[PDB]
Number of protein chains: 2
Amino acid sequence: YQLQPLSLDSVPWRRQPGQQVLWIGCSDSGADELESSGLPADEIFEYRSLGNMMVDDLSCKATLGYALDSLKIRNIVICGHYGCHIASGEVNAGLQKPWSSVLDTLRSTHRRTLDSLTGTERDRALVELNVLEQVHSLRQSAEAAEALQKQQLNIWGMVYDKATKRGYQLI
Amino acid sequence: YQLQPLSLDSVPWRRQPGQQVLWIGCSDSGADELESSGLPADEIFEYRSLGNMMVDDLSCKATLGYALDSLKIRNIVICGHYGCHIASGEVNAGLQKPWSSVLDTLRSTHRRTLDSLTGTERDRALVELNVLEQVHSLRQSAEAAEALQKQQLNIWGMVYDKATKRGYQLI
Ligand SMILES: [Zn+2]
Ligand SMILES: [Zn+2]
């Protein structure tokens, strides 16, 4: 994967005005992430959750179902963010399963990548890896797979950097 | 309840700066709700969901649990918003249970109030009633009840009006 700086005026989830985009972000983003979306506020249908994850739960399934079935959304963005306290470090006791299992699996699957980095750079890699795995996982969902095979859905990953005040697409 | 306009001189969930507040808002708010919060971005721990509801699922439990245990959060705000498509009289076929059940129960429980109101007034009322019921229900969650009994948690209700760029507290 590579990180491509977004140009606000040419984001792949806004090829035309006036549509809604399902924006999946993290509860501790704590800054101006939507100012890097390339979308006006009225085009954003926002689901903001622990770790910008979609897990096997009623909320994640109903939100996706409402977006595709009621709003006819054709674009989903999973936005992670540098400095995340949830997709960080090696443990957090107050984070329940399956969120904690997703991060355990990231850390074990990508151990050699993570072990090659230190401290803040490692946490930045874990943010990026979480976005990539959430995008891949969401495409394998039955509801997304059907819409993808009909060419009625795209799922995009990006990471927001509150220090550079920019978003970066995962390509 | 009554509605009281918010003042930055007396923000019930920001009696001091530098703490995190769990802000529960709706996925279709579609505007500048957080600019009416009385909070800087870095004090907002945001959970944005269908209808600004907490239903009894893993996502509720885990988000509330992480907020109270890991972040030591002492204030929760449930923010509704006028013009909501979910907390409205429009029953959309693609909204799943239990969200659709919560709204069904609201309509039948409050039908005396609601049967007398015309459309746009009935919808504003349903937004307010949904906030009030979500605040009362979240106080009965086991982790919130434990913190309330220690005087270590307050749950507040607000409604945001994007037309006037103002919040109203439910008192
Ligand atoms: Zn985060
Ligand atoms: Zn809404």
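Whatever order the structure lists ligands and atoms in, that order sets their numbers, starting from 1. Proteins get letters first, then strands, A, B, ... in listed order; numbering begins at 1 in each. Basis for what follows: all heavy atoms, side chains included, without hydrogens, waters or symmetry-related copies.
Remark: A:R166 CZ is loosely packed, at most 12 non-hydrogen atoms of other residues, nucleotides or ligands lying under 6.0 Å away. Within 6.0 Å of atom CD1 in B:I171, more than 12 heavy atoms from other residues, nucleotides or ligands are found, so the atom counts as buried in its surroundings. Heavy-atom neighbours of B:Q151 CD from other residues, nucleotides or ligands within 6.0 Å: at or below the threshold of 12.
Cluster membership for B:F45 and A:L95, using ILVMFWY side-chain heavy atoms within less than 4.5 angstrom, is shared.
At least one N/O/S atom of B:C26, whether from backbone or side chain, sits less than 2.8 Å from the Zn ion (ligand 2).
The NE2 atom of B:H81 and the SG atom of B:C84 meet at the Zn ion (ligand 2) at an angle of about 110°, given to 10°.
When distances from the Zn ion (ligand 2) to the N, O or S atoms of B:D28 are compared, OD1 comes out shortest.
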